[PDB]
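Residue-level structural notes
Below, each chain spelled out in residue letters.
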Amino acid sequence: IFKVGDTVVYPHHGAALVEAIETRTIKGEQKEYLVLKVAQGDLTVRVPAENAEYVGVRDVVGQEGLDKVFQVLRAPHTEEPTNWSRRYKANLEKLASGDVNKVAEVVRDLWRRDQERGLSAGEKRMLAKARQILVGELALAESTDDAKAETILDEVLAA
Amino acid sequence: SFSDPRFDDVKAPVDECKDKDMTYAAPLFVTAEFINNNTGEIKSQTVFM
Amino acid sequence: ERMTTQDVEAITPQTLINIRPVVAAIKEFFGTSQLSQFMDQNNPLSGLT
């Protein structure tokens, strides 16, 4: 399934690289323990080959998912009640789930909100964090620049 | 788990520390390692201690 | 403490480790201690003493 140098997406740390596969062991069985390393947290993570889809490490999202999240865009009519604390807990639970389409929907909901009102401190931190990981995901999905994806943003963020 | 206590260089020379009232010191880098027993990983960062 | 309260398969030893009590302990020992004294140097014999 996976080979050397695969640009592979790791929850919740996003896209990353593999260097090699250690044939280290437990109980004498030398499983395909692949080493994976990121540039965000600057660490290496040894991963067994078996639990890859169990942890949910995943190949990069293509133009079909890019067009899916653009289809998610410019359709922000959703209802949240006065319990915006419940909204914060809800999209916090979203951010814990780490679905790409859902992260896109929440950052465009917050774009809708600060486009209208403006947010509070932790709300803007929420927006900035989920936005930066989403745009890192997109900019390595297209395999291009971060600021180039940011230029894509402002023409897809309510344009 | 922890591993590899290693030192960096010092951040200033002695006389410059003694003049500008900065303490003479050097940073600590410690290679930590987190393991989930339930699924199995290592998390080898280089912690600025 | 934060081994349980934080979520699983999202944490990292950057998130786990707080270095503030350790560096506070070191700074508290080199200051404000019985054993950490000034270098009593009115002459190098008192330095060596």
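Rules and cut-offs
Residues numbered from 1 in each chain as written, not as in the entry; some residues may be left out. Chains lettered and ligands numbered in written order. Part of a larger assembly, values for the part shown. Heavy atoms only, no water. UniProt positions renumbered as here; feature names shortened; annotations may be inferred. Pairing = 2+ DSSP bridges. Helix = DSSP H or I, 4+ residues; strand = E, 2+ residues; numbered from the N terminus. Buried < 20%, exposed > 50% of the residue type's maximum accessible area, 1.4 Å probe, protein only. Salt bridge = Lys/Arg side-chain N within 4 Å of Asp/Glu carboxyl O.

Method information in the entry identifies cryo-EM as the source of the structure, with 3.92 Å recorded as the resolution.

Naming follows the PDB entry, where chain C appears as DNA-directed RNA polymerase subunit beta of Mycobacterium tuberculosis. What the PDB record gives as the title of this entry is "Mycobacterium tuberculosis RNAP promoter unwinding intermediate complex with RbpA/CarD and AP3 promoter".

If you look chain A up in the PDB entry, it shows as RNA polymerase-binding transcription factor CarD from Mycobacterium tuberculosis. Its UniProt record gives chain A the following Function comment, quoted word for word: "Controls rRNA transcription by binding to the RNA polymerase (RNAP). Required for replication and persistence during infection of mice (By similarity)." Under Sequence similarities, UniProt gives the following word-for-word description of chain A: "Belongs to the CarD family."

Taken in spatial order, the six strands of this open sheet run β5(A)-β1(A)-β2(A)-β3(A)-β4(A)-β3(B), and their pairing is antiparallel. At either end of the open sheet lies a strand with only one pairing partner, and these are β5 (58-59) of chain A together with β3 (42-44) of chain B. Here five bridges tie strand β3 (residues 33-37) of chain A to strand β4 (residues 44-48) of chain A, and the two strands are oriented antiparallel to one another. In the sheet register, A:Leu34 faces β4(A), and the bridge partner there is A:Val47.

Take the pairing of β4(A) next. Counting buried positions along β4(A) gives four out of five residues, so the element sits mostly inside the fold. In this structure, the hairpin formed by β3(A) and β4(A) is closed by a connection of six residues, where A:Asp42 is found at a positive phi of approximately 60°. Pairing geometry for β4(A) and β3(B), over three bridges, is antiparallel. Within the sheet, the bridge partner assigned to A:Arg46 lies in β3(B) and is B:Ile42.

The subject of this paragraph is the pattern of salt bridges. One pass over the full model with this rule turns up three salt bridges over all chains. Notably, a salt bridge pairs A:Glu29 with A:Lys31, separated by 3.3 Å at the nearest N-O pair. Residue A:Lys31 is classed as partly exposed on the basis of its relative accessible area of 25%. A salt bridge links B:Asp8 to B:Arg6; the shortest N-O distance between them is 3.6 Å.

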